[PDB]
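Undergrad: Just query_5.txt, nothing more (compact mmCIF, N, CA and C atoms):
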```txt
# COMPACT_ATOMS: atom_id res chain seq x y z
N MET E 1 0.85 -1.22 0.00
CA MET E 1 0.00 0.00 0.00
C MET E 1 0.88 1.26 0.00
N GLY E 2 0.61 2.20 -0.93
CA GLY E 2 1.35 3.45 -1.02
C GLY E 2 1.24 4.08 -2.39
N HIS E 3 0.09 4.72 -2.66
CA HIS E 3 -0.14 5.48 -3.90
C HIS E 3 0.79 6.72 -3.95
N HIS E 4 1.90 6.59 -4.69
CA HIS E 4 2.94 7.64 -4.78
C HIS E 4 3.11 8.14 -6.22
N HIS E 5 2.34 7.56 -7.17
CA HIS E 5 2.39 7.96 -8.60
C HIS E 5 1.88 9.41 -8.77
N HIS E 6 2.54 10.16 -9.66
CA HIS E 6 2.25 11.60 -9.86
C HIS E 6 2.67 12.02 -11.27
N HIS E 7 2.04 13.09 -11.79
CA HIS E 7 2.33 13.65 -13.12
C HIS E 7 2.30 15.19 -13.02
N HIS E 8 3.29 15.86 -13.62
CA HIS E 8 3.43 17.33 -13.55
C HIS E 8 3.11 17.98 -14.90
N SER E 9 2.57 19.21 -14.83
CA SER E 9 2.15 19.98 -16.01
C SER E 9 3.38 20.57 -16.74
N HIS E 10 3.14 21.16 -17.93
CA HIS E 10 4.21 21.66 -18.81
C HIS E 10 4.51 23.14 -18.53
N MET E 11 5.77 23.44 -18.14
CA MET E 11 6.30 24.81 -18.03
C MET E 11 7.35 24.99 -19.14
N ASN E 12 6.87 25.38 -20.32
CA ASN E 12 7.66 25.44 -21.57
C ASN E 12 8.02 26.89 -21.92
N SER E 13 8.89 27.05 -22.93
CA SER E 13 9.29 28.36 -23.48
C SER E 13 8.57 28.63 -24.83
N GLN E 14 7.57 27.79 -25.16
CA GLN E 14 6.83 27.85 -26.42
C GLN E 14 5.40 28.38 -26.15
N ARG E 15 5.20 29.69 -26.34
CA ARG E 15 3.91 30.38 -26.06
C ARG E 15 2.84 30.17 -27.14
N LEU E 16 3.11 29.31 -28.13
CA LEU E 16 2.14 28.96 -29.17
C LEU E 16 2.07 27.43 -29.29
N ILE E 17 0.86 26.91 -29.47
CA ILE E 17 0.61 25.47 -29.65
C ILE E 17 -0.05 25.28 -31.01
N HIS E 18 0.63 24.56 -31.92
CA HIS E 18 0.13 24.31 -33.28
C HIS E 18 -1.15 23.45 -33.21
N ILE E 19 -2.24 23.95 -33.82
CA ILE E 19 -3.57 23.32 -33.75
C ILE E 19 -3.94 22.89 -35.17
N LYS E 20 -4.31 21.62 -35.33
CA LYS E 20 -4.68 21.04 -36.63
C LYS E 20 -6.20 21.14 -36.80
N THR E 21 -6.64 21.26 -38.05
CA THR E 21 -8.06 21.25 -38.41
C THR E 21 -8.24 20.46 -39.73
N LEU E 22 -8.89 19.30 -39.62
CA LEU E 22 -9.16 18.39 -40.75
C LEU E 22 -10.59 18.58 -41.26
N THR E 23 -10.74 18.57 -42.59
CA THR E 23 -12.04 18.66 -43.25
C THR E 23 -12.71 17.28 -43.23
N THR E 24 -14.02 17.28 -42.99
CA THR E 24 -14.85 16.08 -42.86
C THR E 24 -15.73 15.95 -44.13
N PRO E 25 -16.37 14.76 -44.38
CA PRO E 25 -17.41 14.61 -45.44
C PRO E 25 -18.70 15.43 -45.14
N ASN E 26 -18.77 16.00 -43.92
CA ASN E 26 -19.92 16.79 -43.45
C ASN E 26 -19.86 18.25 -43.94
N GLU E 27 -21.04 18.86 -44.10
CA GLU E 27 -21.21 20.19 -44.72
C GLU E 27 -21.12 21.34 -43.70
N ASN E 28 -21.55 21.07 -42.45
CA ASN E 28 -21.63 22.10 -41.38
C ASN E 28 -20.79 21.72 -40.15
N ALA E 29 -20.09 20.58 -40.23
CA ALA E 29 -19.20 20.11 -39.14
C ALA E 29 -17.74 20.16 -39.60
N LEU E 30 -16.85 20.63 -38.71
CA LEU E 30 -15.40 20.68 -38.99
C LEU E 30 -14.62 20.21 -37.76
N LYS E 31 -13.64 19.36 -38.00
CA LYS E 31 -12.83 18.71 -36.97
C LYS E 31 -11.57 19.54 -36.67
N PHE E 32 -11.42 19.97 -35.41
CA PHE E 32 -10.20 20.65 -34.91
C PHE E 32 -9.49 19.70 -33.94
N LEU E 33 -8.34 19.16 -34.36
CA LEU E 33 -7.60 18.15 -33.59
C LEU E 33 -6.28 18.79 -33.10
N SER E 34 -5.96 18.59 -31.82
CA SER E 34 -4.75 19.15 -31.20
C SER E 34 -3.53 18.21 -31.44
N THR E 35 -2.56 18.67 -32.26
CA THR E 35 -1.33 17.91 -32.59
C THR E 35 -0.09 18.83 -32.49
N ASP E 36 0.54 18.87 -31.30
CA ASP E 36 1.78 19.64 -31.06
C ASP E 36 2.32 19.38 -29.65
N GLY E 37 1.49 19.68 -28.64
CA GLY E 37 1.89 19.59 -27.24
C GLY E 37 0.77 19.06 -26.38
N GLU E 38 -0.26 19.89 -26.16
CA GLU E 38 -1.41 19.53 -25.32
C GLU E 38 -2.60 19.09 -26.17
N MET E 39 -3.58 18.49 -25.49
CA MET E 39 -4.83 17.98 -26.08
C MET E 39 -6.00 18.48 -25.24
N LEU E 40 -7.21 18.33 -25.77
CA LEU E 40 -8.43 18.88 -25.14
C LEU E 40 -8.85 18.04 -23.93
N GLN E 41 -9.26 16.80 -24.18
CA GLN E 41 -9.86 15.92 -23.15
C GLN E 41 -9.03 14.64 -23.02
N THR E 42 -8.77 14.19 -21.78
CA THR E 42 -7.99 12.97 -21.52
C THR E 42 -8.63 11.72 -22.16
N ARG E 43 -7.78 10.89 -22.81
CA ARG E 43 -8.21 9.68 -23.52
C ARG E 43 -8.83 8.66 -22.56
N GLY E 44 -10.01 8.18 -22.93
CA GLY E 44 -10.79 7.27 -22.09
C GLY E 44 -12.12 7.89 -21.69
N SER E 45 -12.38 9.11 -22.18
CA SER E 45 -13.64 9.84 -21.95
C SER E 45 -14.59 9.66 -23.16
N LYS E 46 -15.74 10.36 -23.14
CA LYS E 46 -16.74 10.28 -24.24
C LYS E 46 -16.77 11.59 -25.04
N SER E 47 -17.34 11.52 -26.25
CA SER E 47 -17.53 12.69 -27.12
C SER E 47 -18.83 13.43 -26.71
N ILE E 48 -18.67 14.49 -25.89
CA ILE E 48 -19.80 15.25 -25.30
C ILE E 48 -20.29 16.34 -26.26
N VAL E 49 -21.57 16.29 -26.65
CA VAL E 49 -22.17 17.27 -27.57
C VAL E 49 -22.75 18.45 -26.75
N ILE E 50 -22.09 19.62 -26.84
CA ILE E 50 -22.47 20.82 -26.08
C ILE E 50 -23.33 21.73 -26.97
N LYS E 51 -24.62 21.84 -26.65
CA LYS E 51 -25.59 22.60 -27.47
C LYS E 51 -25.72 24.03 -26.93
N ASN E 52 -26.06 25.01 -27.82
CA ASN E 52 -26.24 26.43 -27.42
C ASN E 52 -27.46 26.60 -26.48
N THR E 53 -28.40 25.64 -26.55
CA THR E 53 -29.59 25.61 -25.68
C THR E 53 -29.25 24.96 -24.32
N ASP E 54 -28.32 23.99 -24.34
CA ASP E 54 -27.88 23.25 -23.15
C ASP E 54 -26.76 24.02 -22.45
N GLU E 55 -27.16 25.11 -21.76
CA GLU E 55 -26.25 26.08 -21.16
C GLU E 55 -25.37 25.50 -20.03
N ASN E 56 -25.85 24.46 -19.31
CA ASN E 56 -25.09 23.83 -18.19
C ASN E 56 -23.75 23.25 -18.69
N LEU E 57 -23.77 22.67 -19.90
CA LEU E 57 -22.58 22.10 -20.56
C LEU E 57 -21.61 23.22 -21.00
N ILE E 58 -22.19 24.34 -21.48
CA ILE E 58 -21.45 25.55 -21.88
C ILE E 58 -20.73 26.16 -20.65
N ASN E 59 -21.46 26.26 -19.52
CA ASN E 59 -20.96 26.78 -18.24
C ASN E 59 -19.76 25.96 -17.72
N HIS E 60 -19.74 24.65 -18.03
CA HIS E 60 -18.64 23.74 -17.65
C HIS E 60 -17.35 24.05 -18.44
N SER E 61 -17.51 24.46 -19.71
CA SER E 61 -16.39 24.72 -20.63
C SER E 61 -16.30 26.21 -20.96
N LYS E 62 -15.31 26.91 -20.36
CA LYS E 62 -15.02 28.32 -20.66
C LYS E 62 -14.74 28.52 -22.17
N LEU E 63 -14.15 27.47 -22.79
CA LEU E 63 -13.86 27.43 -24.22
C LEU E 63 -15.16 27.49 -25.04
N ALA E 64 -16.18 26.71 -24.62
CA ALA E 64 -17.50 26.68 -25.27
C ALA E 64 -18.15 28.06 -25.23
N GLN E 65 -18.06 28.71 -24.06
CA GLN E 65 -18.58 30.07 -23.82
C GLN E 65 -17.98 31.07 -24.82
N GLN E 66 -16.65 30.97 -25.02
CA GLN E 66 -15.91 31.83 -25.95
C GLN E 66 -16.28 31.55 -27.42
N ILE E 67 -16.52 30.27 -27.77
CA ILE E 67 -16.87 29.86 -29.15
C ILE E 67 -18.28 30.37 -29.54
N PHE E 68 -19.28 30.16 -28.66
CA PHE E 68 -20.66 30.63 -28.89
C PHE E 68 -20.74 32.17 -28.86
N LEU E 69 -19.85 32.81 -28.06
CA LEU E 69 -19.79 34.28 -27.93
C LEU E 69 -19.20 34.93 -29.20
N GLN E 70 -18.02 34.45 -29.63
CA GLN E 70 -17.24 35.05 -30.74
C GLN E 70 -17.70 34.54 -32.11
N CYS E 71 -18.21 33.31 -32.15
CA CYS E 71 -18.75 32.69 -33.37
C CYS E 71 -20.24 32.38 -33.12
N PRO E 72 -21.16 33.37 -33.39
CA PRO E 72 -22.60 33.25 -33.04
C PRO E 72 -23.35 32.19 -33.86
N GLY E 73 -22.75 31.78 -34.99
CA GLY E 73 -23.36 30.82 -35.90
C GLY E 73 -23.29 29.38 -35.42
N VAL E 74 -22.47 29.11 -34.39
CA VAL E 74 -22.25 27.75 -33.89
C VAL E 74 -23.51 27.21 -33.18
N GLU E 75 -24.00 26.07 -33.66
CA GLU E 75 -25.18 25.37 -33.13
C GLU E 75 -24.79 24.54 -31.91
N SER E 76 -23.74 23.74 -32.08
CA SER E 76 -23.30 22.77 -31.09
C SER E 76 -21.83 22.41 -31.28
N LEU E 77 -21.26 21.81 -30.25
CA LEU E 77 -19.87 21.33 -30.22
C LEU E 77 -19.89 19.82 -29.99
N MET E 78 -18.76 19.15 -30.23
CA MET E 78 -18.53 17.77 -29.78
C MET E 78 -17.10 17.68 -29.26
N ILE E 79 -16.94 17.56 -27.94
CA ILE E 79 -15.64 17.47 -27.29
C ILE E 79 -15.18 16.00 -27.34
N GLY E 80 -14.27 15.71 -28.27
CA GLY E 80 -13.63 14.40 -28.34
C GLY E 80 -12.40 14.36 -27.45
N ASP E 81 -11.65 13.25 -27.52
CA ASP E 81 -10.40 13.09 -26.75
C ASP E 81 -9.34 14.09 -27.28
N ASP E 82 -8.95 13.91 -28.54
CA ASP E 82 -7.92 14.75 -29.18
C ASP E 82 -8.55 15.90 -29.99
N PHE E 83 -9.83 15.75 -30.37
CA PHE E 83 -10.47 16.65 -31.36
C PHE E 83 -11.70 17.38 -30.78
N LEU E 84 -12.19 18.36 -31.55
CA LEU E 84 -13.39 19.15 -31.25
C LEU E 84 -14.12 19.41 -32.57
N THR E 85 -15.34 18.90 -32.68
CA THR E 85 -16.15 19.03 -33.88
C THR E 85 -17.11 20.21 -33.72
N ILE E 86 -16.86 21.29 -34.47
CA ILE E 86 -17.68 22.49 -34.44
C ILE E 86 -18.80 22.34 -35.47
N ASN E 87 -20.05 22.48 -35.02
CA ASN E 87 -21.24 22.45 -35.88
C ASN E 87 -21.81 23.86 -35.92
N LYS E 88 -22.04 24.41 -37.12
CA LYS E 88 -22.53 25.79 -37.30
C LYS E 88 -23.73 25.82 -38.26
N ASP E 89 -24.37 26.98 -38.38
CA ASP E 89 -25.43 27.21 -39.37
C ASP E 89 -24.78 27.53 -40.73
N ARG E 90 -25.38 27.02 -41.80
CA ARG E 90 -24.82 27.08 -43.15
C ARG E 90 -24.73 28.52 -43.72
N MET E 91 -25.36 29.51 -43.05
CA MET E 91 -25.25 30.93 -43.46
C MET E 91 -23.88 31.52 -43.05
N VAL E 92 -23.28 30.99 -41.96
CA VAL E 92 -22.02 31.51 -41.39
C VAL E 92 -20.85 30.65 -41.88
N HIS E 93 -19.83 31.29 -42.45
CA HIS E 93 -18.71 30.61 -43.11
C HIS E 93 -17.52 30.45 -42.14
N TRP E 94 -16.70 29.42 -42.42
CA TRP E 94 -15.52 29.06 -41.60
C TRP E 94 -14.40 30.12 -41.69
N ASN E 95 -14.51 31.04 -42.67
CA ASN E 95 -13.58 32.18 -42.84
C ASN E 95 -13.44 33.00 -41.55
N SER E 96 -14.55 33.10 -40.79
CA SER E 96 -14.61 33.88 -39.55
C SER E 96 -14.39 32.98 -38.32
N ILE E 97 -14.86 31.72 -38.42
CA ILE E 97 -15.00 30.82 -37.26
C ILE E 97 -13.64 30.18 -36.90
N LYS E 98 -12.97 29.59 -37.92
CA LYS E 98 -11.71 28.81 -37.74
C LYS E 98 -10.61 29.62 -37.00
N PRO E 99 -10.13 30.83 -37.52
CA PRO E 99 -8.95 31.53 -36.93
C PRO E 99 -9.17 31.90 -35.44
N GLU E 100 -10.42 32.27 -35.11
CA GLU E 100 -10.83 32.61 -33.75
C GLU E 100 -10.73 31.37 -32.84
N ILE E 101 -11.24 30.22 -33.32
CA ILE E 101 -11.25 28.95 -32.57
C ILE E 101 -9.82 28.36 -32.43
N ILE E 102 -8.93 28.57 -33.44
CA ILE E 102 -7.52 28.14 -33.36
C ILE E 102 -6.82 28.89 -32.20
N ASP E 103 -7.10 30.21 -32.13
CA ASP E 103 -6.57 31.11 -31.08
C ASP E 103 -7.07 30.65 -29.69
N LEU E 104 -8.40 30.45 -29.58
CA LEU E 104 -9.08 30.08 -28.32
C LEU E 104 -8.59 28.72 -27.80
N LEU E 105 -8.37 27.76 -28.73
CA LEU E 105 -7.83 26.43 -28.40
C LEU E 105 -6.39 26.53 -27.87
N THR E 106 -5.59 27.47 -28.42
CA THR E 106 -4.19 27.66 -28.01
C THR E 106 -4.14 28.32 -26.61
N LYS E 107 -5.13 29.20 -26.33
CA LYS E 107 -5.28 29.87 -25.03
C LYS E 107 -5.66 28.84 -23.96
N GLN E 108 -6.65 28.00 -24.29
CA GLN E 108 -7.23 27.01 -23.38
C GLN E 108 -6.16 26.00 -22.95
N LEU E 109 -5.42 25.48 -23.94
CA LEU E 109 -4.33 24.50 -23.72
C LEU E 109 -3.12 25.13 -22.99
N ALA E 110 -3.08 26.48 -22.92
CA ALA E 110 -2.07 27.23 -22.16
C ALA E 110 -2.52 27.47 -20.71
N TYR E 111 -3.85 27.42 -20.45
CA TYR E 111 -4.41 27.63 -19.09
C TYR E 111 -4.52 26.29 -18.34
N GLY E 112 -5.17 25.32 -19.01
CA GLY E 112 -5.46 24.00 -18.45
C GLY E 112 -5.32 22.90 -19.48
N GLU E 113 -4.90 21.71 -19.02
CA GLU E 113 -4.59 20.56 -19.89
C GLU E 113 -5.88 19.86 -20.34
N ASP E 114 -6.90 19.84 -19.47
CA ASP E 114 -8.26 19.38 -19.82
C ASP E 114 -9.14 20.59 -20.13
N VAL E 115 -9.96 20.46 -21.17
CA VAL E 115 -10.86 21.52 -21.65
C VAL E 115 -11.97 21.80 -20.62
N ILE E 116 -12.55 20.74 -20.05
CA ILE E 116 -13.68 20.84 -19.13
C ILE E 116 -13.27 20.30 -17.75
N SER E 117 -13.63 21.03 -16.67
CA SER E 117 -13.63 20.49 -15.30
C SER E 117 -14.64 19.34 -15.28
N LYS E 118 -14.13 18.10 -15.19
CA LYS E 118 -14.81 16.89 -15.70
C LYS E 118 -16.26 16.70 -15.16
N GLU E 119 -17.20 17.31 -15.92
CA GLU E 119 -18.65 17.14 -15.77
C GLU E 119 -19.14 17.45 -14.32
```
Go ahead and express the file in the form of structure tokens.

TA:
Amino acid sequence: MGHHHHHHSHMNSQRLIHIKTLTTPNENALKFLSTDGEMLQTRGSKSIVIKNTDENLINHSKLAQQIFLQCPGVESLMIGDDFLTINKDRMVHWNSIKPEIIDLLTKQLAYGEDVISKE
């Protein structure tokens, strides 16, 4: 008996985290996957769909609050392990949505290693 296992966070000299975004066969959904240093949600969790109507889920994720605030066209999110699937209305284009969300993802991964204080 003696739980002594521990893990420490990253104190780096790299103030930017490269964020990947892959195109899907879907028309209003786009996949943003973290590939550089940090990731959104720890592996072994579920893909949580955060809706603009389901405010309790938004309140859990400061990132979600920033996405719905700065990108008003976003209908819902899906928080995967490594990725985040942004769903928007077809009137609003990714020209405005993507660069803002790349920035917000880099900020979030600089504050905390997990996107959401786990449910």

Undergrad: Ranking E:28, E:9, E:21, E:52 by minimum distance to residue 68 (chain E) and counting all atoms listed in the file, which one comes first?

TA: E:52

Undergrad: Within region 7-68 of chain E, find each residue whose DSSP state, derived from the backbone, is strand (DSSP E), and express the selection as a VMD selection string.

TA: chain E and resid 19 to 22 29 to 34 48 to 51

Undergrad: Using only N, CA and C atoms, pick whichever of E:97, E:90, E:44, E:115 has the shortest atom-to-atom distance to residue 27 (chain E).

TA: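 Distance minimum relative to residue 27 (chain E) lands on E:90.
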
Undergrad: Which residue out of E:103, E:114, E:75, E:54 has the minimum interatomic distance to residue 40 (chain E) when only N, CA and C atoms are used?

TA: E:114

Undergrad: So which one's closest to residue 72 (chain E), E:89, E:60, E:33, E:84? Using only C-alpha atoms, please.

TA: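 Among E:89, E:60, E:33, E:84, it is E:89 that comes nearest to residue 72 (chain E).
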
Undergrad: Any chance you could build region 12-34 of chain E out to N, CA, C and O atoms and write it as a JSON list (two decimals), in the coordinates of the input?

TA:
```json
[["chain", "number", "residue", "atom", "x", "y", "z"],
["E", 12, "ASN", "N", 6.87, 25.38, -20.32],
["E", 12, "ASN", "CA", 7.66, 25.44, -21.57],
["E", 12, "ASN", "C", 8.02, 26.89, -21.92],
["E", 12, "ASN", "O", 7.53, 27.84, -21.30],
["E", 13, "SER", "N", 8.89, 27.05, -22.93],
["E", 13, "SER", "CA", 9.29, 28.36, -23.48],
["E", 13, "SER", "C", 8.57, 28.63, -24.83],
["E", 13, "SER", "O", 8.89, 29.59, -25.54],
["E", 14, "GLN", "N", 7.57, 27.79, -25.16],
["E", 14, "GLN", "CA", 6.83, 27.85, -26.42],
["E", 14, "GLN", "C", 5.40, 28.38, -26.15],
["E", 14, "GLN", "O", 4.51, 27.62, -25.73],
["E", 15, "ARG", "N", 5.20, 29.69, -26.34],
["E", 15, "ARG", "CA", 3.91, 30.38, -26.06],
["E", 15, "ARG", "C", 2.84, 30.17, -27.14],
["E", 15, "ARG", "O", 1.76, 30.78, -27.08],
["E", 16, "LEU", "N", 3.11, 29.31, -28.13],
["E", 16, "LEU", "CA", 2.14, 28.96, -29.17],
["E", 16, "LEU", "C", 2.07, 27.43, -29.29],
["E", 16, "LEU", "O", 3.09, 26.75, -29.20],
["E", 17, "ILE", "N", 0.86, 26.91, -29.47],
["E", 17, "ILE", "CA", 0.61, 25.47, -29.65],
["E", 17, "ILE", "C", -0.05, 25.28, -31.01],
["E", 17, "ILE", "O", -1.13, 25.84, -31.25],
["E", 18, "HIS", "N", 0.63, 24.56, -31.92],
["E", 18, "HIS", "CA", 0.13, 24.31, -33.28],
["E", 18, "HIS", "C", -1.15, 23.45, -33.21],
["E", 18, "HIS", "O", -1.15, 22.36, -32.63],
["E", 19, "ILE", "N", -2.24, 23.95, -33.82],
["E", 19, "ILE", "CA", -3.57, 23.32, -33.75],
["E", 19, "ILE", "C", -3.94, 22.89, -35.17],
["E", 19, "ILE", "O", -3.88, 23.69, -36.11],
["E", 20, "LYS", "N", -4.31, 21.62, -35.33],
["E", 20, "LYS", "CA", -4.68, 21.04, -36.63],
["E", 20, "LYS", "C", -6.20, 21.14, -36.80],
["E", 20, "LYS", "O", -6.95, 21.16, -35.82],
["E", 21, "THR", "N", -6.64, 21.26, -38.05],
["E", 21, "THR", "CA", -8.06, 21.25, -38.41],
["E", 21, "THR", "C", -8.24, 20.46, -39.73],
["E", 21, "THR", "O", -7.75, 20.86, -40.79],
["E", 22, "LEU", "N", -8.89, 19.30, -39.62],
["E", 22, "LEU", "CA", -9.16, 18.39, -40.75],
["E", 22, "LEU", "C", -10.59, 18.58, -41.26],
["E", 22, "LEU", "O", -11.52, 18.70, -40.46],
["E", 23, "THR", "N", -10.74, 18.57, -42.59],
["E", 23, "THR", "CA", -12.04, 18.66, -43.25],
["E", 23, "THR", "C", -12.71, 17.28, -43.23],
["E", 23, "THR", "O", -12.06, 16.25, -43.42],
["E", 24, "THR", "N", -14.02, 17.28, -42.99],
["E", 24, "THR", "CA", -14.85, 16.08, -42.86],
["E", 24, "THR", "C", -15.73, 15.95, -44.13],
["E", 24, "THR", "O", -15.84, 16.91, -44.91],
["E", 25, "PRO", "N", -16.37, 14.76, -44.38],
["E", 25, "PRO", "CA", -17.41, 14.61, -45.44],
["E", 25, "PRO", "C", -18.70, 15.43, -45.14],
["E", 25, "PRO", "O", -19.59, 15.53, -45.99],
["E", 26, "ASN", "N", -18.77, 16.00, -43.92],
["E", 26, "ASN", "CA", -19.92, 16.79, -43.45],
["E", 26, "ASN", "C", -19.86, 18.25, -43.94],
["E", 26, "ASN", "O", -18.77, 18.80, -44.14],
["E", 27, "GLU", "N", -21.04, 18.86, -44.10],
["E", 27, "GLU", "CA", -21.21, 20.19, -44.72],
["E", 27, "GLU", "C", -21.12, 21.34, -43.70],
["E", 27, "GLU", "O", -20.68, 22.44, -44.03],
["E", 28, "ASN", "N", -21.55, 21.07, -42.45],
["E", 28, "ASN", "CA", -21.63, 22.10, -41.38],
["E", 28, "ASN", "C", -20.79, 21.72, -40.15],
["E", 28, "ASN", "O", -20.77, 22.45, -39.16],
["E", 29, "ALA", "N", -20.09, 20.58, -40.23],
["E", 29, "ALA", "CA", -19.20, 20.11, -39.14],
["E", 29, "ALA", "C", -17.74, 20.16, -39.60],
["E", 29, "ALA", "O", -17.44, 19.79, -40.73],
["E", 30, "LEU", "N", -16.85, 20.63, -38.71],
["E", 30, "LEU", "CA", -15.40, 20.68, -38.99],
["E", 30, "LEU", "C", -14.62, 20.21, -37.76],
["E", 30, "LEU", "O", -14.91, 20.62, -36.63],
["E", 31, "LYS", "N", -13.64, 19.36, -38.00],
["E", 31, "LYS", "CA", -12.83, 18.71, -36.97],
["E", 31, "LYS", "C", -11.57, 19.54, -36.67],
["E", 31, "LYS", "O", -10.77, 19.81, -37.57],
["E", 32, "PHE", "N", -11.42, 19.97, -35.41],
["E", 32, "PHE", "CA", -10.20, 20.65, -34.91],
["E", 32, "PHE", "C", -9.49, 19.70, -33.94],
["E", 32, "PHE", "O", -9.97, 19.47, -32.83],
["E", 33, "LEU", "N", -8.34, 19.16, -34.36],
["E", 33, "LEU", "CA", -7.60, 18.15, -33.59],
["E", 33, "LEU", "C", -6.28, 18.79, -33.10],
["E", 33, "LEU", "O", -5.60, 19.47, -33.85],
["E", 34, "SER", "N", -5.96, 18.59, -31.82],
["E", 34, "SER", "CA", -4.75, 19.15, -31.20],
["E", 34, "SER", "C", -3.53, 18.21, -31.44],
["E", 34, "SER", "O", -3.51, 17.08, -30.95]]
```
